[PDB]
Every structure is written in structure tokens, then in C-alpha cells.
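Mind having a look at this structure? Questions to follow.
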Amino acid sequence: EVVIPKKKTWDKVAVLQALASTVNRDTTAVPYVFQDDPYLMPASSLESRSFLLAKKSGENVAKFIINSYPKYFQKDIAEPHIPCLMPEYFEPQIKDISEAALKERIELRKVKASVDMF
Amino acid sequence: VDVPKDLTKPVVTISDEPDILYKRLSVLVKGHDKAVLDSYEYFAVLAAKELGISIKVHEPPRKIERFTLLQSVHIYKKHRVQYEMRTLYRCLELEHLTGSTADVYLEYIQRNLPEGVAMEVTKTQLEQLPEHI
Amino acid sequence: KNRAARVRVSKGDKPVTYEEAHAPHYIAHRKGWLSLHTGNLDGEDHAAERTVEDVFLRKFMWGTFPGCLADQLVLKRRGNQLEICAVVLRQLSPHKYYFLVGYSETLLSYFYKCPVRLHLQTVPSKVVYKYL
Amino acid sequence: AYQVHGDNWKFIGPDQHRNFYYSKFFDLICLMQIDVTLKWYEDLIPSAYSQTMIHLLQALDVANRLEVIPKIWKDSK
Amino acid sequence: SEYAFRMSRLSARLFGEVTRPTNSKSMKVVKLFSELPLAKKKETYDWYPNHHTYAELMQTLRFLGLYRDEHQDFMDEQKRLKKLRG
Amino acid sequence: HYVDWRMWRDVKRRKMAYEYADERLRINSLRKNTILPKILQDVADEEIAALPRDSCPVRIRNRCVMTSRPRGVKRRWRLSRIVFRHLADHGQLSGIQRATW
Amino acid sequence: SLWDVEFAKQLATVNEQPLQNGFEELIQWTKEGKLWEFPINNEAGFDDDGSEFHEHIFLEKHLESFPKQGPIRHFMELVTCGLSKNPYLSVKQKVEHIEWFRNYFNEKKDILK
Amino acid sequence: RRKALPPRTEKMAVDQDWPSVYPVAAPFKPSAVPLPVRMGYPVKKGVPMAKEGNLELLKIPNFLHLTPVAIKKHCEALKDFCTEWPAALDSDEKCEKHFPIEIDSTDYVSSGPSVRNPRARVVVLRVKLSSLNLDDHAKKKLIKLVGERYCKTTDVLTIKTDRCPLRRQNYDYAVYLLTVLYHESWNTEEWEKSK
């Protein structure tokens, strides 16, 4: 009478996994993390190590600035709210032994725990 | 010489429910460069051909919006300067296209868009009558 | 006599680039736009926001890569993705270059809540279109 | 070496371990014709990173392929 | 006609609008609560992103010492010269 | 750090009209309605009159963002004519050319 | 659960490595969710708390405390009409509107003329 | 002090996997690109500027990626993933017979961080009353109720839905509206009998 193809469900990453497996690794080319121009082209192991370590240090500097001044990036301009992009909050609340104890496992340190045991 | 042995493929599952049937997918690209629009059109039509689906092509007219500004700063009413934005349309219709084919093709094309172009989908799907009617 | 994004003819002692040389009324005929977005087209919106944010980005990146650039930038906004392209000189160390690259990338990403990435092309000395 | 060679390439990780692996790999390949070896090499040199070049030089010597050493020295330089 | 009046009443009951007759001063309520006000529009809500955030960020980052603000350098040097010369 | 005190006042007015937007809408509907009591219309009118200043969305002005110029500004771009011409000539923004038609 | 997630993050740190392709970069962006999921419905998130068309449009359930003849009925019917015509605001906003109206005319119940 | 290595032009061979060396969208990168393609208005007895300083190739949109070979490769890869259309549905009369109720929605996509835009909510649908009503009294009643939603030249009843912001809200509200409309056109009234 009528034939209908059945529906399927995919992961958002599965399509791009297919696209990536379609293509092999780039030949005669440094990693994608490194730039393409020849001057910035890291041409040795030690200097490349130092380079991507400087990049990671910039990442840590970004973390430091964001967690030091959260109110600047507090605006959620993007329509999809993302905690990965939201600023980070390791701020102890007001004196409250029960909520402070619940926040212990959230702050991930030891001075708060000493003070709470006290 | 470095050729992989076994290419890992993503998992695919055929859900028990039926797939939706798109009657016609009409895509409209608004651009600034006729050459970019032509390249994008060749890309899309070749992709649709290699996927094995129907296609038609036509070039709607060019639309323009222009406006006059004061050429100088303080006192010059007769001396003005004009400006205009030109938007060029290109429409493409795909007929008798399955839902999963639509999803994969639109994902591909949307990832392979160029920058200075806007893309407008009109999806047209058929359905039988409800059960309350 | 019109003075708008053009160079004054000198004795021949003024190196000028392609963009800085050509006139603004030559922009669509013999140039491209520094930005590429769809807010200007019909039906879209947030064009004012696009322009404000891209101007601020240009200023911030010019001042956080000072003395190394020699021309205007190329912005390429594909849907969500934001791509920057710059041409710079080999003044400072690649250490500093990559450090500032990562720094600006992280700042732009956290500020705009948008996937940002940039490319930079090295030149020994800034290219010149003519000597006016 | 060919046997030791889906997403199992994440277990390399640190640049030090990657360096040791690639070094020993290319060393074994040099001290194994060497046309296929230099093919693999000239393929992976940009992706890949003194001892390896020494082994390359002695392999090229035992091979007698004199014309190849110049390009290798130029690449290293 | 009464027939067309009741036809309109039925169409109104179906599509949401009022069946009972109504004046323009009363449909004022309808369209006012249909379209939100200019004050509530996002364009009036955010006419531009805050120079507060922008300038505070750039000032703090200059104090960090990464953005060589040429205009700020200029202003500072001329302020120094002014306070030197009186 | 807004450009100037008039921009400050404009933004204050914008935020006041926003945070009193729905209230003003409701009471203005209650005023302009016709079948309801005229005494109720007068009640709502006195309420609007007692509402604070700088709360109406008419006192605001669509001023410029860069140079704070009220006149010669496009509602779409929100930029003054001078700065718009500057950016268009320098090619900063996308898809505008000279109308040589 | 605690030591479980500790071991899980340890294994994660052991796995993670630098990518070598823009396809992998995009896979990363998608798996953290910054990259848009095509098809673009313009509604990935913001589902209005599973609200319903009838909850938006049919306000007779929220109209209880007045008969169906008076001018208050006229006004509130016009309010429900305009709200149903408005898509921008949801059932929460509409019930807040009608609740403020209830409060208003119940505080100004002096007249009832 | 330090000098930049020469570009990949001499390095890249004539036999080369361009789909592999340019997998995704990326800028021109003349150091990696071997082509001498130049672009720029030449001076009198001059030439366009070389690719190294030709930032206008970067200004223009980029299509070095996604070569015809790459497109063929990706289509051959996704052929196993894409499905087939029913062969029975090969004509408009047949497809509208199998599924008379036409329905279509739409939305734009634009470059930027935000993705929401109210035009996502609007939808429309169509159905011809030639075969669905199966009666005359309810048909006359329905055509008297609807003012401009019909068209007898093409003989299709079309209706739009935008009252709700959500696409599925619009969809199911249109469905419920059509259902109640049919159920109310089924019956009649005494003032309706009197005409």
C-alpha cells in the first residue's frame, strides 16, 4: 500500500566523526594547533614545547582574569547559556555552619575545612 | 605510505518510527557577490547530483537599498553623498526528498556555507489526516 | 575637492598599501570589505551590534599586537564561527606572538561567548602598493 | 615496528614519550633498501621532529644513495 | 445582516478574537497587549553595550600593561607637562 | 564611562522606561479604554500623573553610540551619519558601496 | 561517587591529547556545545517550560471570579485576546498580568457600577 | 635575527591530496598554497601584487577547500548514510493523494553568536476541500466562515499560524483548530438554517 523509510537518530558529534574519518591525516604538515606561516612555524621540539606552553600560560592568565573580575563577563549575551563560558565562583558565603559544610565539598581546599571543624 | 587500516565509522540506529517525508525543500541564498553565489550554487548542485536527487535553478532579481547622507559636516544641504547595499538572491528547489537525506544534506551545506551569505529554508512536508477529524 | 579615506599626493616619499592607496568609491569595484557578515542584508538584524563589536575587536587587537601589524584586518564570521586574519612583521619573538594569540583568543571567546579563532601571516617588511 | 604502528593515538600524550617513540621508530627503520624508509620519512618530517639524523646518515651511507643526503641536511638546517 | 454577524461571531470564537462587538478604543487593549511596548523592546533595553564595562576593562588591562593605549599615553604625557609647567 | 552626562541621562531614562514599561502599558490601557467608568479613567490618569519623572518612553532619544550625536542617526545602525560615512569609506563594515547608479 | 569521579577525571586527563585537524576542533566545539547543532531550529533550548498552545490562548481557566456580562468581563476578555495574539510572552507572564488586574480591581472594588 | 623557512611550494609535489591538506574552511595561507594566483589592480605597465602580500585574496571569501574531488569523496562517504525516497511517490497528484495535508515552516540563518529570531515561529498549511469534506452543508458552512483563507481558482484552503512563539505550539494549535473547525462545521444552528 505505502512504503515509508524508517527514522534514525544521530549524535551531534557523530556526523562530524564521519566527516573526519572520511579524510586522512594531513601529510607533510605540522599539527593543526601550530600556525601555518613559516616564521611562526615551530621548527624544533624544545621551541614547540615552549610555544604551546606559552599558549597554555595564556589560557591560565585568561582563567585568572575571569575569576578575578567575573562581573565583566557576567553578561549572558549568547542565547545558549554555557557554564563553561560563565565566570568561575570559589567564594565562601556568610557564616553558616550547615551551608558552609555543604559548601566545603564545593570549594575544594583545606583551610575552610579546618575552620569548619573548629 | 601511512594509510589507515580500518576507518572507524559512527554508529547509526534505525528508529522503529517512520521518517518524515519532505515534499519540497526550497533554499534561498542572499549574498553580495554574484560570483560567490554562483560558486555556492555549483557546489550545492554537484552535491545534490552526487547524492542522487532532483534539482532546479533560477536567479531571482537583484534588490537594492540606498540612502543619502550629508557629504560635509556643518552647512551643505545640496552636496550629498549616496550609498547602497545590493542583495542578490539565488533559489534552489529539491523535490521528493527523505527526512534523513534532508538532515544530512542541510548539515553538510550549513557547515560548508561561506561567510557573507544568509540562508533561508522553506520546508514543505505532506501528512495524512488526523484521527479526530 | 573630497577628502575621505585617501592619501595626499606627496613628492614620492610615502609608501602606501593597496587599501590605503585606493579610494573609498573604489571599494566594491577594486577592493573587498574588511568584515563579512549578514546583518547588513535584508531581513537580518543586530547589524549595529556587529559593527560595534567588530570595531572594538579591531582596536583591542591592534593595541594588543602593537607595532607588528602593517595593514587592516580580515574578519570572517560564518554562522557562529568567528575567524580573524592578520598580516604582521617578525619584530618580536614567536613566544610572545603565540602567548598574545592565546591571550586574545581566550579574552574574545569569554567576552563574546562565541567560538573565535585567528590566523597571522608573517612578512619581513610591509608590502607597498606605490610610493606617492 | 609495523605491527606496533581507531582512536588509539591518544595514549602517546606527553611530548617526551612521543619523542622517544618516534626516535626509536625511525632508528629501527634506518638500521633495518631504504627507499620506502625515506619515503615514510619525507612524508612525516613536517609533522615529526641529532641522533636520528646520525642514524639517517649512516643508513644513507650503507645504502650508497649519495644524492639524498644534501636534501636531508638542507631540511635539518 | 444577522446571518453574517453570527458568522463573524463564530469565526471570532474559533480564531480567538472577540465575538461580541467592540470599538477601536476597546481594541486598543487587544493590540496593546498583543504587541509589546517600545520600552520593553530589546532595542530600547540595550541601545549599546556599556562603555562602563569597555573602559573599565581597558583601563584595568592597561594597568596590567598589555594594551599600549596611544591616546592614554598622549593624555598622560600632556597632563605631566601641564602639571610641570603649572 | 559613558561619553557624557547627556548620554548618562539618556541611559537612565531608557532603564527607567524599561523597568516601568509594563506598568505604564497596563495603566495606559486602563485609561484609554472606553466602556469602563470615567471615574476609573480619571483614577488611572491621576495614577499616571503621580508616576515618577523620566519613566515615559518619549523623553528618551535615539542618540548615537559613538559620538553622542542625536540628529543624523539611522535607527538600523544606530550610528551617526559622519561615523557611518567614515566606516563605509574605510571599508570597516560589510556590503556597502557608493551609489553610482 | 566522589572517588569515582576522581578516577574518571584522572582517566580523562590521561586520554586527552592535542588534536591535529579542524574537524577535531569542531568536534570539540560541538561536544562542549558552543558550535550550533545543525539543523538550526532556532529553538535548541528555550522550550517555554513545556508550555502548551491552549495554556497560552484559552484563559477561561484563569477567568473565574467575575460573571460574563460586565465591563470588567469586557476588559479582561480583551486582555486575554491580546495576550493570546502575543507570542512574545508566555503563560507565566499572562497569569501575572491577570493576577495584577485581579489585585487592582479587588482593591478598587469600591464602585462596582 | 631569526629567519623564516621558505614556503611549502617547492615541498608539495604534483601528486597531492588537496582534500586532505585542506579538510575544512580556512584562509588562503599563501605559504602553504603553491599557486602563483595574484589579484589586484596593476599599475601602468605593472602587475597585480604577489600572493604573499595579497591580502585581498583573504578579503574575498575562500573556496580552496571543498574541491570537486573532496565533494565527490564526501558524497561517496555519506551515500551509505543518506536514505532513499519511495518510488511510489513520483508525482504531485500521487503524493497529495497519499498525504493531502500540506504543511510548511521556515527560518533564516545568519552569522553571529545568537541564533533565536522570532520569524522561526511562523508556519502555514494547506488542504484542498475537493476530496476531504465529503459533504455539501458543512462545505458551504466552512466556505462562509473562512473569509480569504481559500482560493477557488486553484481550489486550496490555506491557513497560517503565528500566535505562538514555538514551532510545535503553532503546529499542534493549527491541528486542534482544524479539528474543532471540522467538528463545528459538522453541526448547524437554527439561525443558520434560516437564511
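Details
Labels A, B, C, D, E, F, G and H are assigned to the chains in the order they are written; within every chain, residues are numbered from 1.
Note that contacts are C-beta pairs under 8 Å (C-beta built on N, C-alpha and C of every residue); 3 or more make two chains touch, one makes a residue touch a chain.
Here is each chain with its UniProt name: C = Small ribosomal subunit protein uS3m; E = Small ribosomal subunit protein mS33; F = Small ribosomal subunit protein uS14m.
Fewest steps needed to get from subunit E to subunit F, stepping only to touching chains, is 1. Comparing chain pairs E-H and B-H, the larger number of C-beta contacts belongs to B-H. Work out the mean CA point of subunit F and of subunit G, and you get 27 Å between them.
One simple way to say how far apart two chains are is to compare their mean CA positions; for subunit D and subunit F this gives 69 Å. Centre-to-centre spacing of subunit D and subunit G amounts to 60 Å, using the average Cα coordinate of each chain.
The set of subunit B residues that touch two or more partner chains comprises 2, 8, 12, 19, 21, 32, 85, 98-100, 103-104, 107, 110, 114-116, 118, 120. Residues of subunit C in contact with at least two other chains: 19, 31-34, 36-41, 43-44, 48, 50, 52, 76-80, 83, 90, 103, 112-114, 119, 121-122.
Shown for subunit A are the residues that touch two or more other chains, namely 4-5, 8, 17-20, 23-29, 31, 36-39, 52, 72, 77-80, 82, 85. Against subunit A, the residues of subunit C that register as touching in their complex are 90, 94-95, 97-103, 105-107, 109-114, 119-122. Interface residues of subunit A, counted against subunit E in their complex, comprise 69, 72, 75.
By the touch rule above, subunit A contacts subunit C in their complex via residues 35-40, 42, 47, 50-52, 54-59, 61-62, 65-66, 72-73, 76-78, 82, 85, 87. Put simply, subunit E touches subunit A in their complex at residues 53, 56-57, 60. Subunit G contributes residues 29, 34-36 to its touches with subunit C in the complex.
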